[PDB]
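Next comes just one chain, in structure tokens: the form deposited without its partner chain.
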């Protein structure tokens, strides 16, 4: 069954389109004959247009509001099968030339949406007396139903396709479904066909790039949630449209919105904040630097020569972790933070400087730069830092500008416990607390390879021994909430699916 979404384009794309997952947007010559069911609304804007096999209009989308059958300004338009418009209101307006349609009622083709049924310009339906309205009401809708209410796998009608994953009482866990079927359009599919992906809902779609990302866990591409900002290859300063750009001014800015993996080498320069007259760019607003907070990888060198004076650290690069030196400044340096006014270095994420060296000079008020052990950051043995001309180490120690004692001697990007390459005790995600909340604390987390991992929220804290041995409801040792078998769960499974989608009562 061909599936689709100027006129000639849709004319040659709807030539077959037995079932349309989008909308019958026939706008502005008899190219369609077998459009059985449309999963959406029908933007039909014309005299001789069969539309004979159009049976169902699901109204997944609308022109303005509940506009299922939108028309305007078609006597020979026999939509004789258009006898049930599901979840939509017929917008059958401005029909001056349409004939034989006035005699037939326009409401039985709709169900429970007569409030939004306005119409203005026993009984036969369309052109020619050979066709009839074929009343059936005054679960099949348009006329083992031929067309189902929600989902028709092969011949049967179902409100929901068999889920791709099914609870298994044998393993005391919610498992995958051996008979798992992806709900593609109105038909369940053992495997998602037409090279489509596995959407969060289970409804196969060919574009899941909005608020999500594409991931291949099995033989079929599957769309998963965009963990923070997901991957977005983006051109850097010197490669691409910015080939001859000299910095991230107020022109190439925004072009870096949600740009995660910069494919070039960023050129933060004083000319960016001052603005450049020759290149016709206005001064860069310091608040616009938060656009660069999305960067997590630079396959080049991150050169920073100017920062807003109201900012005491590199907050715009707090998510920058990689500075892979495919292109290097002066052939030696990848991170080139030079002559800034940063009190703390601020690169609390920076963990992998692969190729180039590091020069951190002119930071008259940055002390923690020398404290870091940069042998861990370097990815090769030919790299050596050039941290000189910073704030005096002796004066820094005397003034107390030394980071927390709750940090490993490995170093630190700043005074806050968030900014520390390694911490003396265990670490709570971004930060590193004095100790995990093993016995005292609200999060009541647990130690995992020297890292605080908060226990599953549906397990109650234990005030005698450790709150939970491992992450997840199973490993929690105390559970005031209900428990499913030997594991913890939110509530007992009641409305679940079994061998034939049976409601497993389970236990009380």
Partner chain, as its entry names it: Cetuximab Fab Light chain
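Residue numbers count along the first chain shown, from 1.
There is another form of the same protein, the form solved in complex with its partner chain; it is not shown, and what comes next is about it.
Participant: Here the chain is shown alone; which of 128, 392, 286, 429 has a heavy atom within 4.5 Å of its partner chain in the deposited complex?
Facilitator: Answer to the contact question: 392.
Participant: With its partner chain left out of view, choose which of 132, 145, 388, 176 has a non-hydrogen atom within 4.5 angstroms of it in the deposited complex.
Facilitator: After the contact test, the surviving option is 388.
Participant: Spot the stretch among 379-387, 76-84, 110-118, 310-318 with residues whose non-hydrogen atoms come within 4.5 Å of its partner chain in the deposited complex.
Facilitator: This holds for exactly one stretch, 379-387.
Participant: Residue 190 versus its partner chain, in the deposited complex: is there a non-hydrogen atom within 4.5 Å?
Facilitator: No.
Participant: According to a 4.5 angstroms non-hydrogen atom cut-off, is residue 257 in contact with its partner chain in the deposited complex?
Facilitator: Close contact is absent here: in the deposited complex, residue 257 is far from its partner chain, nothing within 4.5 Å, heavy atoms only.
Participant: Taking its partner chain as it sits in the deposited complex, is residue 435 in contact with it (heavy atom to heavy atom, 4.5 Å or less)?
Facilitator: Contact with its partner chain, no.
Participant: Even though its partner chain is not shown here, does residue 364 get within 4.5 Å of it in the deposited complex, heavy atoms only?
Facilitator: Contact check for residue 364: yes, within 4.5 Å of its partner chain in the deposited complex.
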